[PDB]
Structures are given as C-alpha cells and as structure tokens.
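A short write-up of the structure that comes next.
The first residue in the sequence is number 1, and the count goes up from there. Computed over heavy atoms, backbone and side chain alike; hydrogens, waters and symmetry mates excluded.
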Amino acid sequence: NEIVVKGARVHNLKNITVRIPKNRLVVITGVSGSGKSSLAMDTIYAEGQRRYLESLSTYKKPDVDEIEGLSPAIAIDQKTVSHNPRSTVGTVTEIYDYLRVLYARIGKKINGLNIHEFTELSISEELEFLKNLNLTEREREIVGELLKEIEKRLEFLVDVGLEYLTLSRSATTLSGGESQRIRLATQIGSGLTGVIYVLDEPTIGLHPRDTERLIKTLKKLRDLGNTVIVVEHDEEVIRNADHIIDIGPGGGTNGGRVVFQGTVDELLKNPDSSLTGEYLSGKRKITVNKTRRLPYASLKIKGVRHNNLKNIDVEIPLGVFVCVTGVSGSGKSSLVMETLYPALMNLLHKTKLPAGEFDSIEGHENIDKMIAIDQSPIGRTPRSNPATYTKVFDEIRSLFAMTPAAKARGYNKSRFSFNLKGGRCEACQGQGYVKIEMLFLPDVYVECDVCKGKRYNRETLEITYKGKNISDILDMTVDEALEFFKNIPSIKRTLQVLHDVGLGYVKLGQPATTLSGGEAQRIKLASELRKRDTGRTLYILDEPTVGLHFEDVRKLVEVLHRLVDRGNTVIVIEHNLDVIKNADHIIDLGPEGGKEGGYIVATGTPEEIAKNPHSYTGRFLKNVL
Ligand SMILES: Nc1ncnc2c1ncn2[C@@H]1O[C@H](COP(=O)(O)OP(=O)(O)O)[C@@H](O)[C@H]1O
Ligand SMILES: Nc1ncnc2c1ncn2[C@@H]1O[C@H](COP(=O)(O)OP(=O)(O)O)[C@@H](O)[C@H]1O
Ligand SMILES: [Zn+2]
C-alpha cells in the first residue's frame, strides 16, 4: 500500500501529488530549501499526527488537498526533545522505570551498586554489568525476562552510537544529534507498529564508523511494521534506501518538485535529472584541495582533562583549515567548545566564561580575535529575520524612502520598519498575526485580518520600487533579491555572501524563530565572510554541515577556504568526509567514545590520517582521497 499526498502546496511545493510506499525505508533527498521538510514534516507528519489526535476526547491543517493511506505519525528531529531539566537519559528512554521494578524485585543493591550507582555507569558498562549477573537461581525467575527487556533497550542505545552516555546524564545537556538518536532508540525499543516515522538527518553527530549500525536500526524500525521516512544527505543511507524521493531541482523558488522517484539502482542508471544522482554516480564531486596549507605559527593548549580528555596537549596550527574528528563521545566538543573556546575568549576578549580543566595555553598572542559560529538562533522573536540580522534591511528601507513617491508622502526609512510605529500595522504589532487573550497557555496565533499577514498598513504598502512593495521584498528569497538588487552594491554584497554560504533559498523575512540551527549558523558565517580586514581571527564551528546536501557542502567548503585564504584560522568539528578531506590539518580523538576515548589518536594532513591504522576517521578518509 501507499501514502498518496494530493496537491501538496506547503511553502515552495508546486502543488504536487506523490505516492510513497508504506512499510519501506524511504529516503528524501535534495538540496537545502528544495522542500524536503515541507513535504515530510509539514505535510505528512503533521497531518498524520493531527488525524490521530482528532480521535481524542473534546477534540492546523497544512496546505494540501488530501492524503490517502495516512497513518498516525511520529517525528524524530531536534525539536522533539525534552525541556524538563529533571529528565535524564534514563527517564526519556523509559529504562529507569524498568530499573525501578528490577530493584524492587531484588533489593536495595545489586552486585554492590544501588540504582543511582547503576545509572552512573556508561551504557556499555551497564550492559556488561547486567550480562555478568547470575547472583541467584530463583531471583532469575522473578526478573529474568525483565532483564532481557532492559538489555534490549540498552542495546538500542549502543546501536545509535550512544554507548558512552550514562543513564544519569541530564537530558538537557545532550546535543541535538544525541537527542535525536536517543528518541530513535526509545521509539524502536517501544515496539510500536503501524506508524509513519519521519526522521530528520539521524546521522547528525554520528561518525561514519557507526553509519552501518544506524542503517540496520532504521531497517529494524521498518521491519516492526512501520513506514520510515528519512530526510538524509549521507551517501550510505541514501544507497540503503528501499525508495528514494529526490526533491528539486533546486532550492527556494527553483525547488518544490519531485525530480526523481524510485530505487537506488534506478537513480544511478539515470542521474542527469538530479544533482543527488550526479553526485552519487561520480559525475559531480566535491574536490580535494591539492595544495595543503602550512601554518604561520601555532598555539597550544596543555593539560586538558575536561570530561574524558586524557591530560592531552593539543597544538592548533594557525592560518590553516583545522578539523577535529573522532567517533562520538571521543571528546571533540569537550576539547574545542567547552575548553579551548572559553579559554581563548577569556584570554583575548573579556573573560569570565567557565572553561574545562586544563593547565595552560601558549601562543594565543598569534591570533587577534576568537569568534564562535554556532547553531544558537539569530534572534528569539519573529521581529528578527535574515534581512535585519545581516542588516541589509536598513539599506532596503533607505532605498524605499528614496523613491519619489515616498519622498512626496513624507515617508522616511523608519516608515518601512515593522519594528517602529508609523508604517507597520498597529493591530498586529508589525508581525502579521494576533493571539486570543486567554489566560496564559499556548494560544492560537491567527493571521491578522487587517493586514492579511503583510506586516504594514495599506498606506505604506502603496510605495513600490520596481513594482515591489516592502512586504514583497520581505517575501523574496535571497537569490531573487540578489537578482532584484544586483545594481545596489551594498545590498548585493550582503545578499551575495548569503548565497555563497548556501542560503539563496531563504526568504528575507523568514522569522528567526523558524530557522534551523544550521541555517542560523550559516547566516552568522555569511556575516563574518562579509566583513573586511578580519586578519588573524580564529573561527570555531561545530558540525557546520547539518542539513547540507552535497552541493551545499561544496559551497560551505569554498567559504571556509575563503576565510582561511584571507589569513584567518578555522577549526571545525566534523564527521563529514567531504569537509575533512579538505582540511589542512586534522586532530583525531578517540579511539572510542567515553572512558576509552579522549586520547589524541592521530594528527596531520588527511593523507597522513588516512595512513594511520589506529584512526577510524583515517579508515574512511582512505576511500575519498
Ligand atoms: N517556517 C517557514 N516559513 C516560511 N518559509 C519557510 C519556512 N520553512 C521553510 N521555508 C521555505 O520553504 C522552502 C522549502 O524549505 P524546507 O522545506 O525547509 O527545505 P528543505 O527541508 O528541503 O531544506 C525554502 O525556500 C524555505 O526557505
Ligand atoms: N554534561 C556533559 N556534557 C558533555 N559531555 C559530557 C557531560 N557529562 C559527561 N560527558 C561526557 O564527556 C565525554 C566526551 O563527550 P563529548 O565531548 O560530548 O564528545 P564528542 O563531542 O566527541 O561527541 C563523553 O563520555 C560524554 O558522555
Ligand atoms: Zn496586521
């Protein structure tokens, strides 16, 4: 049987009708902004969940005509995460309750450890502890099958690359990738069948060493009797699909269409319609830089012992492209984000950030500035958008104020701000939607019926520049606007860097709160790229390929080489081999995650790492060099 999506029009989807096989591993592919999430999350998941919830007591619809063959749907992404600070790995996985029943059926301690002490072992240690239990002959008969269930659920955590976590770990201290995979392990452990699962890039944060095991886990989720829809860019996940849906042909206005549908073999046989197929067949490639850079100096952080780091000294060559690599849990974010970054902020720029344990830093005088480019949002209210954040909107407002019609009406540039009274729609605060005054719980946000969502009063909307009013400009994608304003240098420059980091599909007025973490990071990256005379700035970026198709990664790599070419240093934490194979220098941590990680397993060029038999990263690098 099949899901039949009829007349899908959410965002840039071109009123498409798509048939999707059920009880299959379906991989949705395509460049950023092509419409993968619009189809899989905003249409299929949303409607499947909505139709189930409408069966409840006492009880929104996406822009779509109908969906045949729908089932209740469950999403696994970075938004389906716990916000309860009380929650731990043990509680969000539902393993803690099983442990409670186990301890109530045996005693306060089991083989020397109480329950809290059990939860403080890593997952692999917990598994070995339980499997080395045969303390009794009849307690077996009261907990036996129960232990099996506990073991089953722990094994699923190992299977999604999280063996280094403890059950006692606070859920809010997990990364987005860790949270996604925790939820995957919990959903497969639940054994629920008959649902449509929609997963957003479940390889985020996962080393290639673990990809195959993740793929087996996705197939087990399928084999329970579920449809498993995965939005993914990873080549191996794509090659393991039962069915591929490739969205394109491009992003933004140039996207919203299914350009290929069928098996992997069919995609390889006829790839010239899809970028995805061209990369998969080798017709298109992210190039390996064949001139590795040498550093002009280095800095060195000594005695790092934060978390599992094994009292390591780490040298950062400056003026080159640096990747920090290694399996998940090996210590990369502990080293880079939680020790080196705050320690250099404190030395160079206004201290007082807490930093992981370490002895000293030498050579920090060899850089002038330390800037993190992370995935935290660019703003917290829809009053922020890409145009205001990069501050090109101030230039667009001046331009509108300079039209003959605006000057004759007395409209200065403030008239064209939706954050100031005057030109903005005062009913909807200059946002386009109003709430219902209940008393406080998440109310409905209905579209403003005065302005119809356009954010400005009708008088302000009468001013046009080349037939477009200010609302029209906010509805342009970056690429549209980049063509529209190509004769205005200050505007074109900002729009150009947004296009160069791969955000040509993003609308100028998209509210900050709807942007993914990767999109926020790339906007901030474009802001840094736009600046002149940065010189000896060290930039740190954590996993900047989240959300990125092959072509998007090609763009990201070009941008990073541009930053380094103008004298900067770049450190990225990555698992992506197309980025790593472009590094001038790699610091590979591990060998494993947790207690058996935290060592420096290898350093040097991609070629040197590839030659190192102790490096998992080098083992996969070998095949792309
Ligand atoms: N919440 C939103 N509001 C308005 N436009 C959006 C929103 N989310 C995505 N878009 C736009 O819709 C188009 C498709 O986006 P999306 O479905 O997220 O692409 P993908 O998942 O393929 O990266 C893009 O031009 C994007 O900028
Ligand atoms: N609150 C915490 N935040 C981050 N890591 C933690 C925390 N508590 C313990 N750790 C551990 O530190 C070790 C290294 O983790 P991390 O630096 O996150 O690895 P990576 O970034 O390579 O995936 C892991 O064993 C991880 O479980
Ligand atoms: Zn309004």
Side-chain angles (χ1 to χ4, degrees), residues 1-5 8 10 12-14 16-45 67 69 73 75-77 184 196-204 206 208 211-212 214-223 226-251 254-286 545 547-554 576 578:
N1 227 325
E2 277 173 330
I3 308 162
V4 183
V5 177
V10 162
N12 68 335
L13 296 173
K14 300 297 198 286
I16 65 177
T17 296
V18 185
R19 314 182 67 97
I20 300 157
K22 299 186 86 210
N23 295 315
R24 295 289 191 280
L25 179 58
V26 177
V27 180
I28 317 282
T29 62
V31 304
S32 281
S34 58
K36 298 177 305 288
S37 292
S38 294
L39 177 64
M41 279 297 191
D42 304 329
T43 298
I44 290 158
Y45 161 64
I67 309 177
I76 300 177
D77 67 5
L184 171 55
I196 296 161
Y197 279 108
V198 179
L199 286 89
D200 185 323
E201 214 183 340
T203 57
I204 287 185
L206 196 73
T211 300
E212 170 56 30
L214 179 86
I215 294 174
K216 286 194 174 65
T217 304
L218 298 168
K219 290 174 164 164
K220 290 178 189 163
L221 186 61
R222 173 198 65 195
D223 290 340
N226 298 304
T227 300
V228 182
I229 301 180
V230 182
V231 175
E232 255 293 353
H233 310 284
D234 178 84
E235 165 161 19
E236 270 302 301
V237 180
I238 292 158
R239 288 178 179 272
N240 277 273
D242 300 318
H243 182 73
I244 288 161
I245 307 185
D246 192 41
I247 319 291
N254 306 311
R257 305 183 189 273
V258 171
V259 296
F260 172 85
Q261 200 165 3
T263 65
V264 183
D265 288 328
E266 281 154 6
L267 180 51
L268 300 174
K269 254 93 171 143
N270 273 76
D272 304 287
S273 80
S274 100
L275 271 178
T276 306
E278 291 176 357
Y279 276 99
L280 279 186
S281 70
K283 195 230 205 194
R284 282 197 69 107
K285 186 45 223 158
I286 293 148
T545 60
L548 296 203
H549 181 274
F550 302 119
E551 190 67 15
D552 306 319
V553 172
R554 202 194 48 87
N576 182 289
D578 289 316

> Residues in ring pair (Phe, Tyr, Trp, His ring centres under 6.0 Å) with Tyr279, at least two apart?
Replying inline: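 Per chain and number, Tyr279 pairs via ring pair (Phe, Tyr, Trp, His ring centres under 6.0 Å) with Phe550.
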>> Can you list everything that forms a ring pair (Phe, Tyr, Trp, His ring centres under 6.0 Å) with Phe260? Sequence neighbours excluded, please.
In response: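 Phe260 satisfies ring pair (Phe, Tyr, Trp, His ring centres under 6.0 Å) with no residue once adjacent residues are dropped.
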>> Test of understanding: with salt bridge (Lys or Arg N to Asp or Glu O under 4.0 Å), list the residues that count as partners of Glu236, not counting sequence neighbours.
In response: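 If we apply the salt bridge (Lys or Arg N to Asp or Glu O under 4.0 Å) test to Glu236, skipping adjacent residues, there are no hits.
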> For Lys269, which residues count as a salt bridge (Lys or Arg N to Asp or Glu O under 4.0 Å) partner, sequence neighbours excluded?
Replying inline: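 If we apply the salt bridge (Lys or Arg N to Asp or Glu O under 4.0 Å) test to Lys269, skipping adjacent residues, there are no hits.
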> Given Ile229 and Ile44, is the side-chain contact (heavy atoms from CB on, under 4.5 Å) satisfied, shown in steps?
Replying inline: CA-CA 10 Å; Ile229 301 180; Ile44 290 158; 4.3 Å; yes
Would you be so kind as to tabulate the donor-acceptor pairs closer than 3.5 Å made by side chains of residues 21-30, with sequence neighbours excluded?
{"from": "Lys22", "atom 1": "NZ", "to": "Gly69", "atom 2": "O", "distance (Å)": "3.4"}
{"from": "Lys22", "atom 1": "NZ", "to": "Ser71", "atom 2": "OG", "distance (Å)": "3.0"}
{"from": "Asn23", "atom 1": "OD1", "to": "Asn226", "atom 2": "N", "distance (Å)": "3.4"}
{"from": "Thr29", "atom 1": "OG1", "to": "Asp246", "atom 2": "OD1", "distance (Å)": "2.6"}

Test item: [X] side-chain N/O and [Y] main-chain N/O as donor-acceptor pair under 3.5 Å:
X: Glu2; Y: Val4; result: no
X: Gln261; Y: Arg19; result: yes
X: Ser274; Y: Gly277; result: yes

> Is there a salt bridge (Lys or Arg N to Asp or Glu O under 4.0 Å) between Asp242 and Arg222 once you walk through the steps?
Replying inline: CA-CA 10 Å; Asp242 300 318; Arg222 173 198 65 195; 2.7 Å; yes
> Considering all heavy atoms of both residues, which atom of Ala75 and which atom of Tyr45 are nearest to each other, and what is their separation?
Replying inline: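 For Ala75 and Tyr45, the tightest heavy-atom pair comes out as N-CE1, 3.4 Å.
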>> Once side chain to side chain contact (heavy atoms under 4.5 Å, CB included) is applied, do any residues pair with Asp552, and if so which ones, sequence neighbours excluded?
In response: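 Partners of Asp552 under the side chain to side chain contact (heavy atoms under 4.5 Å, CB included) test: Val31, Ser32, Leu548, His549.
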> Is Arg554 salt-bridged to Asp578, cutoff N-O under 4.0 Å?
Replying inline: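 Salt bridge flag = no for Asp578 with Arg554.
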> How long is the gap from CG on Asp265 to CG on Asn270, to the nearest 0.5 Å?
Replying inline: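 These two atoms lie 12.0 Å from each other.
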